[PDB]
Structure formats: C-alpha cells, structure tokens
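For reference, my_file_36.cif (mmCIF, C-alpha atoms and all ligand atoms):
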data_work
loop_
_atom_site.group_PDB
_atom_site.id
_atom_site.type_symbol
_atom_site.label_atom_id
_atom_site.label_comp_id
_atom_site.auth_asym_id
_atom_site.auth_seq_id
_atom_site.Cartn_x
_atom_site.Cartn_y
_atom_site.Cartn_z
ATOM 1 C CA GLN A 1 0.000 0.000 0.000
ATOM 2 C CA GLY A 2 2.274 2.859 1.241
ATOM 3 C CA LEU A 3 5.892 3.973 0.809
ATOM 4 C CA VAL A 4 7.838 3.299 4.120
ATOM 5 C CA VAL A 5 11.219 5.134 4.651
ATOM 6 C CA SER A 6 13.814 4.116 7.334
ATOM 7 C CA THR A 7 15.419 7.512 8.223
ATOM 8 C CA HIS A 8 14.191 11.092 8.736
ATOM 9 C CA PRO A 9 16.391 12.896 6.115
ATOM 10 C CA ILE A 10 15.327 10.317 3.452
ATOM 11 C CA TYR A 11 11.684 10.600 4.709
ATOM 12 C CA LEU A 12 11.865 14.413 4.030
ATOM 13 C CA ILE A 13 13.089 13.758 0.421
ATOM 14 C CA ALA A 14 10.322 11.089 -0.052
ATOM 15 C CA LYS A 15 7.702 13.653 1.279
ATOM 16 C CA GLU A 16 8.581 16.222 -1.440
ATOM 17 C CA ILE A 17 8.524 13.555 -4.182
ATOM 18 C CA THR A 18 5.109 12.229 -3.133
ATOM 19 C CA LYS A 19 3.514 15.590 -2.302
ATOM 20 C CA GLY A 20 -0.154 15.659 -3.320
ATOM 21 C CA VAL A 21 -0.184 11.890 -4.198
ATOM 22 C CA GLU A 22 0.374 10.144 -0.824
ATOM 23 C CA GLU A 23 2.155 10.459 2.546
ATOM 24 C CA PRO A 24 5.244 8.277 3.151
ATOM 25 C CA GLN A 25 5.555 6.642 6.633
ATOM 26 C CA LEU A 26 8.785 7.049 8.715
ATOM 27 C CA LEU A 27 9.837 3.651 10.113
ATOM 28 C CA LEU A 28 12.412 4.625 12.835
ATOM 29 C CA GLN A 29 11.215 7.826 14.673
ATOM 30 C CA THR A 30 9.258 -3.360 17.170
ATOM 31 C CA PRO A 31 6.325 -5.381 15.766
ATOM 32 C CA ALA A 32 4.677 -2.110 14.661
ATOM 33 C CA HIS A 33 7.745 -1.413 12.496
ATOM 34 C CA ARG A 34 7.253 -5.018 11.284
ATOM 35 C CA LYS A 35 3.545 -4.366 10.429
ATOM 36 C CA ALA A 36 4.351 -1.219 8.363
ATOM 37 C CA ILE A 37 6.860 -3.202 6.303
ATOM 38 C CA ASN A 38 4.529 -6.106 5.523
ATOM 39 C CA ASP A 39 1.860 -3.596 4.419
ATOM 40 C CA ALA A 40 4.299 -1.450 2.430
ATOM 41 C CA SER A 41 4.391 -1.523 -1.396
ATOM 42 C CA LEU A 42 7.905 0.102 -1.353
ATOM 43 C CA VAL A 43 10.552 0.508 1.406
ATOM 44 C CA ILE A 44 13.457 2.923 1.045
ATOM 45 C CA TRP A 45 16.383 2.421 3.476
ATOM 46 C CA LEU A 46 20.116 3.337 3.192
ATOM 47 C CA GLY A 47 21.211 -0.300 3.597
ATOM 48 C CA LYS A 48 23.031 -2.647 5.901
ATOM 49 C CA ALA A 49 25.861 -0.139 6.260
ATOM 50 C CA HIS A 50 23.606 2.498 8.041
ATOM 51 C CA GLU A 51 20.970 0.224 9.807
ATOM 52 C CA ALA A 52 22.584 -3.118 10.864
ATOM 53 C CA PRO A 53 19.612 -4.018 13.171
ATOM 54 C CA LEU A 54 17.076 -3.536 10.361
ATOM 55 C CA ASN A 55 19.327 -5.469 8.050
ATOM 56 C CA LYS A 56 17.568 -8.808 8.706
ATOM 57 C CA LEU A 57 14.051 -7.964 7.459
ATOM 58 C CA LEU A 58 14.883 -5.482 4.713
ATOM 59 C CA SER A 59 17.888 -7.144 3.101
ATOM 60 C CA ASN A 60 15.761 -10.096 2.029
ATOM 61 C CA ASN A 61 12.651 -8.016 1.224
ATOM 62 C CA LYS A 62 12.098 -7.566 -2.499
ATOM 63 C CA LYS A 63 10.148 -4.295 -2.063
ATOM 64 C CA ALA A 64 13.016 -2.778 0.028
ATOM 65 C CA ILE A 65 15.525 -0.723 -1.966
ATOM 66 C CA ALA A 66 18.837 0.057 -0.219
ATOM 67 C CA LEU A 67 20.055 3.456 -1.577
ATOM 68 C CA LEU A 68 23.753 2.695 -0.722
ATOM 69 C CA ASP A 69 23.668 -0.578 -2.761
ATOM 70 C CA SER A 70 21.862 0.863 -5.903
ATOM 71 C CA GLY A 71 24.730 2.602 -7.825
ATOM 72 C CA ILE A 72 22.695 5.851 -7.963
ATOM 73 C CA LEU A 73 24.795 7.813 -5.383
ATOM 74 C CA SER A 74 28.243 9.445 -5.210
ATOM 75 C CA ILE A 75 29.736 7.198 -2.471
ATOM 76 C CA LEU A 76 32.764 8.365 -0.436
ATOM 77 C CA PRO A 77 34.788 5.936 1.800
ATOM 78 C CA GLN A 78 34.884 6.138 5.559
ATOM 79 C CA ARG A 79 37.816 8.015 7.083
ATOM 80 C CA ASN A 80 39.932 7.546 10.159
ATOM 81 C CA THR A 81 40.065 10.393 12.713
ATOM 82 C CA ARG A 82 42.962 11.942 10.754
ATOM 83 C CA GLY A 83 41.177 12.004 7.435
ATOM 84 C CA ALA A 84 42.714 8.923 5.766
ATOM 85 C CA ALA A 85 40.269 6.732 3.809
ATOM 86 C CA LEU A 86 39.518 3.213 4.960
ATOM 87 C CA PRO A 87 39.699 0.706 2.066
ATOM 88 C CA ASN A 88 36.436 -0.915 1.021
ATOM 89 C CA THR A 89 34.318 1.232 3.291
ATOM 90 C CA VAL A 90 31.346 3.563 2.536
ATOM 91 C CA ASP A 91 30.548 6.813 4.451
ATOM 92 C CA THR A 92 26.682 6.493 4.973
ATOM 93 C CA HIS A 93 26.006 10.324 5.469
ATOM 94 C CA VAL A 94 25.250 10.674 1.670
ATOM 95 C CA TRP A 95 22.224 13.053 1.818
ATOM 96 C CA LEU A 96 24.334 16.118 2.948
ATOM 97 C CA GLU A 97 25.734 16.199 -0.653
ATOM 98 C CA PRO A 98 23.034 18.270 -2.566
ATOM 99 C CA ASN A 99 23.653 16.288 -5.807
ATOM 100 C CA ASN A 100 22.990 13.028 -3.855
ATOM 101 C CA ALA A 101 19.711 14.438 -2.439
ATOM 102 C CA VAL A 102 18.620 15.206 -6.058
ATOM 103 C CA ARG A 103 19.643 11.713 -7.263
ATOM 104 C CA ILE A 104 17.588 10.239 -4.343
ATOM 105 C CA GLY A 105 14.604 12.347 -5.465
ATOM 106 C CA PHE A 106 14.644 11.227 -9.137
ATOM 107 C CA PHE A 107 15.171 7.576 -7.957
ATOM 108 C CA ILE A 108 12.145 7.682 -5.689
ATOM 109 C CA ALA A 109 10.146 9.214 -8.524
ATOM 110 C CA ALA A 110 11.164 6.390 -10.847
ATOM 111 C CA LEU A 111 10.418 3.662 -8.245
ATOM 112 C CA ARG A 112 6.877 4.917 -7.307
ATOM 113 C CA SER A 113 6.052 5.740 -10.975
ATOM 114 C CA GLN A 114 6.560 2.015 -11.919
ATOM 115 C CA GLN A 115 4.196 0.964 -9.063
ATOM 116 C CA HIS A 116 1.568 3.747 -9.555
ATOM 117 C CA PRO A 117 1.797 4.813 -13.262
ATOM 118 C CA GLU A 118 -1.399 6.871 -12.698
ATOM 119 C CA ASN A 119 0.689 9.358 -10.649
ATOM 120 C CA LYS A 120 3.843 9.292 -12.849
ATOM 121 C CA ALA A 121 3.551 12.978 -14.023
ATOM 122 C CA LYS A 122 3.259 14.347 -10.437
ATOM 123 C CA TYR A 123 6.039 12.089 -8.980
ATOM 124 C CA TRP A 124 8.461 13.379 -11.708
ATOM 125 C CA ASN A 125 7.373 17.108 -11.502
ATOM 126 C CA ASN A 126 7.908 16.992 -7.711
ATOM 127 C CA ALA A 127 11.400 15.499 -8.373
ATOM 128 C CA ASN A 128 12.074 18.377 -10.821
ATOM 129 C CA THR A 129 10.892 21.037 -8.269
ATOM 130 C CA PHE A 130 12.866 19.353 -5.421
ATOM 131 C CA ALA A 131 15.926 19.310 -7.767
ATOM 132 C CA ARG A 132 15.498 23.044 -8.644
ATOM 133 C CA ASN A 133 15.203 23.966 -4.919
ATOM 134 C CA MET A 134 18.197 21.815 -3.835
ATOM 135 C CA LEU A 135 20.437 23.186 -6.613
ATOM 136 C CA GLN A 136 19.429 26.846 -5.970
ATOM 137 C CA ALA A 137 20.346 26.318 -2.289
ATOM 138 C CA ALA A 138 23.722 24.777 -3.305
ATOM 139 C CA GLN A 139 24.618 27.523 -5.886
ATOM 140 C CA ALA A 140 24.654 30.030 -2.958
ATOM 141 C CA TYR A 141 28.140 28.476 -2.247
ATOM 142 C CA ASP A 142 30.837 28.850 -4.969
ATOM 143 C CA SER A 143 36.685 30.430 -2.571
ATOM 144 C CA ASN A 144 39.572 29.086 -0.422
ATOM 145 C CA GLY A 145 39.275 25.828 1.565
ATOM 146 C CA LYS A 146 37.773 26.393 5.061
ATOM 147 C CA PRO A 147 39.288 24.101 7.767
ATOM 148 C CA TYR A 148 36.998 22.394 10.369
ATOM 149 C CA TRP A 149 37.005 19.608 13.040
ATOM 150 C CA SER A 150 33.985 17.416 13.860
ATOM 151 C CA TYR A 151 33.256 15.531 17.045
ATOM 152 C CA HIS A 152 32.773 12.458 14.869
ATOM 153 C CA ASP A 153 32.997 12.327 11.108
ATOM 154 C CA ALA A 154 29.450 12.885 9.904
ATOM 155 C CA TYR A 155 29.872 15.857 7.466
ATOM 156 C CA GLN A 156 32.199 14.520 4.678
ATOM 157 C CA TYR A 157 29.371 14.912 2.075
ATOM 158 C CA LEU A 158 28.847 18.662 2.973
ATOM 159 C CA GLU A 159 32.527 19.492 2.095
ATOM 160 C CA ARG A 160 32.426 19.641 -1.734
ATOM 161 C CA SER A 161 29.471 22.136 -1.582
ATOM 162 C CA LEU A 162 30.749 24.505 1.171
ATOM 163 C CA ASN A 163 34.463 24.095 0.227
ATOM 164 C CA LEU A 164 35.257 22.633 3.722
ATOM 165 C CA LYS A 165 38.655 21.034 4.471
ATOM 166 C CA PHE A 166 38.464 18.182 6.993
ATOM 167 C CA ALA A 167 41.160 18.723 9.581
ATOM 168 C CA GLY A 168 40.217 15.754 11.754
ATOM 169 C CA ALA A 169 37.754 14.297 14.190
ATOM 170 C CA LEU A 170 37.784 13.878 17.970
ATOM 171 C CA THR A 171 36.505 10.187 17.953
ATOM 172 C CA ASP A 172 35.809 7.332 15.438
ATOM 173 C CA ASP A 173 32.603 6.260 17.285
ATOM 174 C CA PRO A 174 30.389 8.807 19.148
ATOM 175 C CA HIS A 175 30.072 6.266 22.068
ATOM 176 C CA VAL A 176 33.915 6.316 22.583
ATOM 177 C CA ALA A 177 35.468 9.208 24.436
ATOM 178 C CA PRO A 178 38.086 11.081 22.424
ATOM 179 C CA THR A 179 41.664 10.085 23.478
ATOM 180 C CA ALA A 180 44.061 12.691 25.014
ATOM 181 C CA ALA A 181 46.439 11.740 22.164
ATOM 182 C CA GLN A 182 43.858 12.629 19.434
ATOM 183 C CA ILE A 183 42.988 15.939 21.213
ATOM 184 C CA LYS A 184 46.734 16.743 21.439
ATOM 185 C CA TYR A 185 47.260 15.622 17.803
ATOM 186 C CA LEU A 186 44.411 17.981 16.645
ATOM 187 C CA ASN A 187 45.597 20.904 18.839
ATOM 188 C CA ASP A 188 49.237 20.657 17.616
ATOM 189 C CA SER A 189 48.186 20.169 13.898
ATOM 190 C CA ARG A 190 45.792 23.218 14.088
ATOM 191 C CA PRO A 191 45.392 24.652 10.558
ATOM 192 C CA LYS A 192 44.228 27.918 12.261
ATOM 193 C CA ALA A 193 44.204 29.639 15.722
ATOM 194 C CA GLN A 194 40.367 29.655 16.069
ATOM 195 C CA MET A 195 39.017 26.278 14.852
ATOM 196 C CA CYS A 196 35.352 25.516 14.030
ATOM 197 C CA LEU A 197 34.141 22.337 15.850
ATOM 198 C CA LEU A 198 30.871 20.745 14.586
ATOM 199 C CA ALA A 199 28.946 18.151 16.735
ATOM 200 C CA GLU A 200 25.440 16.515 16.761
ATOM 201 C CA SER A 201 24.153 18.380 19.863
ATOM 202 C CA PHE A 202 25.044 21.002 22.450
ATOM 203 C CA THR A 203 25.717 18.300 25.009
ATOM 204 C CA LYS A 204 42.060 21.082 25.966
ATOM 205 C CA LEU A 205 41.431 21.509 22.207
ATOM 206 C CA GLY A 206 42.019 25.336 22.637
ATOM 207 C CA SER A 207 40.275 28.290 20.912
ATOM 208 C CA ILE A 208 37.157 26.849 19.209
ATOM 209 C CA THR A 209 33.818 27.946 17.730
ATOM 210 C CA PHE A 210 31.402 25.183 18.828
ATOM 211 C CA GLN A 211 28.445 24.655 16.465
ATOM 212 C CA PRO A 212 25.852 21.887 16.836
ATOM 213 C CA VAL A 213 24.755 20.606 13.347
ATOM 214 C CA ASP A 214 22.108 17.789 13.181
ATOM 215 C CA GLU A 215 22.592 15.898 9.876
ATOM 216 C CA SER A 216 19.551 13.782 10.854
ATOM 217 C CA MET A 217 17.316 16.948 10.570
ATOM 218 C CA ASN A 218 15.142 15.653 13.437
ATOM 219 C CA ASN A 219 13.224 18.877 14.156
ATOM 220 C CA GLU A 220 12.633 19.896 10.541
ATOM 221 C CA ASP A 221 9.724 19.236 8.115
ATOM 222 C CA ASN A 222 11.441 20.386 4.832
ATOM 223 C CA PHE A 223 14.718 18.794 3.530
ATOM 224 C CA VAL A 224 16.011 21.858 1.583
ATOM 225 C CA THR A 225 15.081 24.245 4.470
ATOM 226 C CA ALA A 226 16.909 21.823 6.822
ATOM 227 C CA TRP A 227 19.924 21.711 4.406
ATOM 228 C CA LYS A 228 20.070 25.533 3.988
ATOM 229 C CA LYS A 229 20.177 25.973 7.843
ATOM 230 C CA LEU A 230 22.847 23.248 8.329
ATOM 231 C CA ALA A 231 24.942 24.846 5.518
ATOM 232 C CA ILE A 232 24.719 28.477 6.757
ATOM 233 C CA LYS A 233 25.408 27.428 10.393
ATOM 234 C CA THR A 234 28.434 25.375 9.161
ATOM 235 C CA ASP A 235 29.724 28.244 6.914
ATOM 236 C CA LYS A 236 29.485 30.823 9.751
ATOM 237 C CA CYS A 237 31.321 28.468 12.202
ATOM 238 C CA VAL A 238 34.271 28.013 9.718
ATOM 239 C CA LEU A 239 34.478 31.750 8.660
ATOM 240 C CA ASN A 240 34.117 33.169 12.274
HETATM 241 NA NA NA B 1 28.668 14.660 -6.307
#
Now that the file is in, can you turn its structure into structure tokens?
Amino acid sequence: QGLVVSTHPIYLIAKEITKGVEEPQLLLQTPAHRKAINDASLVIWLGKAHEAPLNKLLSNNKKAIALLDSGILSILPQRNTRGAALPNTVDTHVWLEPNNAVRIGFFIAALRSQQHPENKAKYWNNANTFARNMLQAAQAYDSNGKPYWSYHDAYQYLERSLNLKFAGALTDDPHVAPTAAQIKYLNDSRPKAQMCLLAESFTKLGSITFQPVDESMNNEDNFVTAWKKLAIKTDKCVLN
C-alpha cells in the first residue's frame, strides 16, 4: 500500500517527491515497524551499512531498496580520525551532498512511478521542483578551503558544496570518548588559531567555535530548508 522510509532525512526527500499523491511513513522515529513493512508496497532504506539491526528484514525483502547498494549515489569511503580513507568502506552520510539528495529524489520518482503509473507525471514534476530547490540552495556556495574539526565524522558529504577542508575528528565512534592523544594531535596540527568544531548536539582543544549541526534533521519538516540551515550554520562556524 504505502511507501515506508527508514530515516528522517530520506523521509523528508520522499515527502517532497510524493507531495499531493500520498504520505510516506517514517519507520524509525518493534512489531509495529514489522507491520508497516509487511503492508508497504515500497521501502526505502540506506542499507546494511547504516541500519545493521534492520538489516535482517529489509535485506531479504524484495520491495526494500537500499540506496547505498543501488549505484545511484556518489559514495565516499569512511575516514579515520585523521582524514585517511579506509579501504572498502562507505561513508553512509550521503544526503548532505546536494547532488545526492537530487539523485535520491529522481530515484524515488522512478520507483513509485513504476508501481503507480497513474501518478507518474506528479512524482516526476515533484522530483524536478525538489531538484530546482536543492540546486538553488547549493549555488549560494561557490573560494579558499575552510578548515573544520567534527566531534565524529558525519559531514564529509557537505565538504564539496561549502568548500570545507576536513582537519580531523575527535573520535571514530560517538560512544567512545576522544583520546588525550587525538585531542593533542588535533591541537598541535591546528590549521588555524580559532578552529570551528561541529557536533550533533550542544551536550584542551584550545580556541574553538562550537556549532551543533544535526545531519539527521530531526526537528525539521522540509529537507532543503533543513539543508540551507545546516549549511549556513556550518559556513558561519568556519568563517568566524
Ligand atoms: Na557529487
């Protein structure tokens, strides 16, 4: 029956594509999650790299399309806390790249259009409008590299757009405290005196501008509005 979408940023893209046709259902906000999947006609999830607990049900479900495994996205590898790439890995934070958000939109339009050909014209026009909005937002950024640190490495896909230079991360896993060695490493390798530090929430490294940036967009109802706010907050942190 309905489109089901694992994550909130991907649910906000799905909402624009389906606007005026149907309402997608966010899965992760259990057996109620299970019920929504059995009843779904299409399930969009990032894939076993982003949701390892969901992997069981969705990996073997023919209506479930894993965006990371589709070959539609610009995929970047994971990085260590010093910015080196890890071989054969995939950074899952793909939606912060505006071109990836657009690719996700046109892919959703194509998937739902095959299932409901009676709404094909509106699924594709929404994808066009979402694409126009996302690209207009991105063209506001054209400039020298801007260094920045993150608490953990969640913003790699925002760097092409805002010309950010990754100077390192405090921890490889947000559940692991940063080491005194990594803090010292970052402090002594400082590209600049005042360093922007991005983290998920407000909740020894020296002179820093601390800016919370929620890639998951949890308190937003429009993807491009959410992206424009993340981008302008990030740009001000790195230029201040
Ligand atoms: Na790209």
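Pairwise distance (atom CA of residue A:197, atom CA of residue A:88) equals 27.7 Å.
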List the residues selected by the PyMOL selection byres (((chain A and resi 144) around 9) and not hetatm) in the file shown, writing them as a PyMOL selection string. chain A and resi 143+145-146+163-164
Using the chain letters and numbers from this file, what does the PyMOL selection byres (((chain A and resi 160) around 12) and not hetatm) select? Give the answer as a PyMOL selection string. chain A and resi 74+76+94+96-100+138-139+141-146+155-159+161-166+231
Kindly resolve the PyMOL selection byres (((chain A and resi 14) around 8) and not hetatm) on the present coordinates and return the residues as an mmCIF file with C-alpha atoms, keeping the file's coordinate frame.
data_model
loop_
_atom_site.group_PDB
_atom_site.id
_atom_site.type_symbol
_atom_site.label_atom_id
_atom_site.label_comp_id
_atom_site.auth_asym_id
_atom_site.auth_seq_id
_atom_site.Cartn_x
_atom_site.Cartn_y
_atom_site.Cartn_z
ATOM 1 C CA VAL A 5 11.219 5.134 4.651
ATOM 2 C CA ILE A 10 15.327 10.317 3.452
ATOM 3 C CA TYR A 11 11.684 10.600 4.709
ATOM 4 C CA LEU A 12 11.865 14.413 4.030
ATOM 5 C CA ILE A 13 13.089 13.758 0.421
ATOM 6 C CA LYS A 15 7.702 13.653 1.279
ATOM 7 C CA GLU A 16 8.581 16.222 -1.440
ATOM 8 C CA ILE A 17 8.524 13.555 -4.182
ATOM 9 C CA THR A 18 5.109 12.229 -3.133
ATOM 10 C CA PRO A 24 5.244 8.277 3.151
ATOM 11 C CA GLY A 105 14.604 12.347 -5.465
ATOM 12 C CA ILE A 108 12.145 7.682 -5.689
#
5 Å per side around stretch 19-36 of chain A: axis-aligned box centre and edge lengths, as lines of an AutoDock Vina configuration file:
center_x = 6.1
center_y = 5.1
center_z = 6.5
size_x = 22.6
size_y = 31.0
size_z = 31.4
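Across A:75, A:40, A:57, A:3, the tightest approach to ligand NA 1 (chain B) is made by A:75 when counting only C-alpha atoms and all ligand atoms.
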Length of the atom CA of residue A:86 to atom CA of residue A:187 vector [Å]: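 Straight-line distance from atom CA of residue A:86 to atom CA of residue A:187 works out to 23.3 Å.
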What residues have an atom no more than 8 Å from (11.0, 1.9, 3.1) in the file's own frame, counting only C-alpha atoms, and can you write them as a list in words? residues 3, 4, 5, 6, 26, 27, 37, 40, 42, 43, 44, 45, 64 and 65 of chain A
Could you work out how far atom CA of residue A:46 lies from atom CA of residue A:59, giving the answer in Å with one decimal?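 Atom CA of residue A:46 lies at a distance of 10.7 Å from atom CA of residue A:59.
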Long-range neighbours of residue A:193 as a ChimeraX atom specification, 12 Å cut-off, only C-alpha atoms, 3 positions minimum in chain: /A:147-148,186-190,196,205-209,238,240
For the residues selected in the previous step, produce a file with C-alpha atoms as a PDB file, in the coordinates of the input.
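Below is the file that was written, out.pdb:
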ATOM      1  CA  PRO A 147      39.288  24.101   7.767  1.00  0.00           C
ATOM      2  CA  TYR A 148      36.998  22.394  10.369  1.00  0.00           C
ATOM      3  CA  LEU A 186      44.411  17.981  16.645  1.00  0.00           C
ATOM      4  CA  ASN A 187      45.597  20.904  18.839  1.00  0.00           C
ATOM      5  CA  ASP A 188      49.237  20.657  17.616  1.00  0.00           C
ATOM      6  CA  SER A 189      48.186  20.169  13.898  1.00  0.00           C
ATOM      7  CA  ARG A 190      45.792  23.218  14.088  1.00  0.00           C
ATOM      8  CA  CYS A 196      35.352  25.516  14.030  1.00  0.00           C
ATOM      9  CA  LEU A 205      41.431  21.509  22.207  1.00  0.00           C
ATOM     10  CA  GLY A 206      42.019  25.336  22.637  1.00  0.00           C
ATOM     11  CA  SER A 207      40.275  28.290  20.912  1.00  0.00           C
ATOM     12  CA  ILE A 208      37.157  26.849  19.209  1.00  0.00           C
ATOM     13  CA  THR A 209      33.818  27.946  17.730  1.00  0.00           C
ATOM     14  CA  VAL A 238      34.271  28.013   9.718  1.00  0.00           C
ATOM     15  CA  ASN A 240      34.117  33.169  12.274  1.00  0.00           C
TER      16      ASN A 240
END
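Counting only C-alpha atoms, the residue from A:110, A:167, A:101, A:134 that sits nearest to residue A:84 is A:167.
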Would you mind completing stretch 173-192 of chain A to N, CA and C atoms and writing the output as a compact mmCIF listing (two decimals), in the coordinates of the input?
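Printed below is out_15.txt as written:
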# COMPACT_ATOMS: atom_id res chain seq x y z
N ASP A 173 33.95 6.75 16.91
CA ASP A 173 32.60 6.26 17.28
C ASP A 173 32.06 7.26 18.30
N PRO A 174 30.85 7.82 18.18
CA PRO A 174 30.39 8.81 19.15
C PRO A 174 30.25 8.26 20.57
N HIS A 175 30.18 6.94 20.75
CA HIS A 175 30.07 6.27 22.07
C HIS A 175 31.46 6.03 22.69
N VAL A 176 32.55 6.48 22.07
CA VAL A 176 33.92 6.32 22.58
C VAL A 176 34.46 7.70 22.88
N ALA A 177 34.95 7.90 24.10
CA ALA A 177 35.47 9.21 24.44
C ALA A 177 36.69 9.47 23.57
N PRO A 178 36.87 10.73 23.09
CA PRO A 178 38.09 11.08 22.42
C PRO A 178 39.29 10.78 23.32
N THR A 179 40.41 10.36 22.74
CA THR A 179 41.66 10.09 23.48
C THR A 179 42.41 11.40 23.70
N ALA A 180 43.21 11.51 24.76
CA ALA A 180 44.06 12.69 25.01
C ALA A 180 45.05 12.83 23.87
N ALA A 181 45.50 11.73 23.30
CA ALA A 181 46.44 11.74 22.16
C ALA A 181 45.79 12.39 20.94
N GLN A 182 44.54 12.09 20.63
CA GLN A 182 43.86 12.63 19.43
C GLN A 182 43.64 14.12 19.67
N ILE A 183 43.18 14.51 20.85
CA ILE A 183 42.99 15.94 21.21
C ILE A 183 44.32 16.66 21.01
N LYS A 184 45.40 16.13 21.57
CA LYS A 184 46.73 16.74 21.44
C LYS A 184 47.12 16.79 19.96
N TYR A 185 46.92 15.70 19.24
CA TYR A 185 47.26 15.62 17.80
C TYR A 185 46.55 16.77 17.11
N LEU A 186 45.25 16.94 17.30
CA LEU A 186 44.41 17.98 16.64
C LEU A 186 44.90 19.37 17.04
N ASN A 187 45.14 19.60 18.32
CA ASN A 187 45.60 20.90 18.84
C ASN A 187 46.91 21.29 18.19
N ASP A 188 47.86 20.37 18.11
CA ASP A 188 49.24 20.66 17.62
C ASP A 188 49.24 20.76 16.09
N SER A 189 48.29 20.16 15.38
CA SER A 189 48.19 20.17 13.90
C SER A 189 47.25 21.30 13.44
N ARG A 190 46.71 22.09 14.37
CA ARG A 190 45.79 23.22 14.09
C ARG A 190 46.10 23.91 12.77
N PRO A 191 45.21 23.86 11.76
CA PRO A 191 45.39 24.65 10.56
C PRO A 191 45.31 26.14 10.91
N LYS A 192 44.50 26.51 11.90
CA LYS A 192 44.23 27.92 12.26
C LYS A 192 44.15 28.09 13.78
